[PDB]
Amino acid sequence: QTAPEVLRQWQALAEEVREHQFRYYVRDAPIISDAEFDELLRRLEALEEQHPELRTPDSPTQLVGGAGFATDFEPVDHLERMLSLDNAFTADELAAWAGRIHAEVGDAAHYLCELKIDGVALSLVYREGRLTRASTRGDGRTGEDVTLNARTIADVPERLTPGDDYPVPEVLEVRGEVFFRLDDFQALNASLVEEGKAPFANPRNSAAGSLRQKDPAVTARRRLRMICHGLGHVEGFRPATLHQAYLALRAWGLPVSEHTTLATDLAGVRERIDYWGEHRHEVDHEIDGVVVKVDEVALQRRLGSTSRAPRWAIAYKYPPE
């Protein structure tokens, strides 16, 4: 239990102290039981300065008093590129939008149809089962860091749940779209109008704003529902198709309510991309359209991805009203 081990206890325990602080503090959701927590630092405290050559303003003990944890949107690069998506206003457009595969695919590779969850996108980088950072779309190459706020979000699990035929990838950069359910938004607003701020025009904002809070507390108080919708850069997984990845993410704890529909032929999707109109309002979310996606990754690969969006996933868009 020498110095080399000292650390294998020192920092090895700090990461657990602030871990709970944050939890208990700005977030108001304790994992352990006050006795336990109060028992860790106490150990770390004395047996910290007990090693003066291991104490600093960064020590969760003699520093992590009340605050300390605060977001500050610090420009951080991404990992993949996180592009946007083309668009299809007219149906006969979709024809080509995917019919472009008429090139290499044999017009058969399985197209995935998803719901367009209008909202503020966020990327999650799970370095080894745990959440490392959390950036925004930004310029696509580098985005703002809202880790804390993201962590405070419900659906986002600070730790991955291993198991199944899927092993926890040593990274998994997952893309998703944090948003607000109509009502939850209609409440937040209603519980305002001003007396401090003003009502939000559209939820996209209600969310964004919420998630864009410097004081995680505000973000932690606010509802918000993330929905990890697309895989990104990974290193320990590499599956055959989008959904096969979804099944894996699910077994991991990430939110995947992609009302998908593993389709085939332009017909299979033509309907679902025509059914989500007269029946596309029962959703607690806010879908503006649908987006088809060549399912088999083995095809998106042999399929380019321009500097504006992929070449393998148009996004049907149903015009407002």
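So that there is no doubt, residue numbering starts at 1 and follows the sequence shown.
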- Per the entry, where is the mean C-alpha temperature factor higher: 220-228 or 174-182? 220-228
- With B-factors read from the PDB entry, the higher C-alpha mean of 164-172 and 190-198 is in 190-198
- Message: So if I compare the CA B-factors in the entry for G106, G99, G140, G129, which one is the largest?
- Response: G106
- Query: Per the PDB entry, which option out of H279, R55, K293, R270 has the greatest Cα B factor?
  - Reply: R55
- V256 - which third its CA temperature factor falls in, relative to the rest of the chain: lowest
- Message: Ranking every modelled residue in this chain by its Cα temperature factor as given in the entry, which third contains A67?
- Response: highest
- Query: C-alpha B factor of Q11, ranked within the chain: lowest, middle or highest third?
  - Reply: lowest
- Among the modelled residues of its chain, the C-alpha B-factor of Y246 falls in the third labelled middle
- Which third, lowest, middle or highest, does the CA B-factor of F89 fall in along this chain? highest
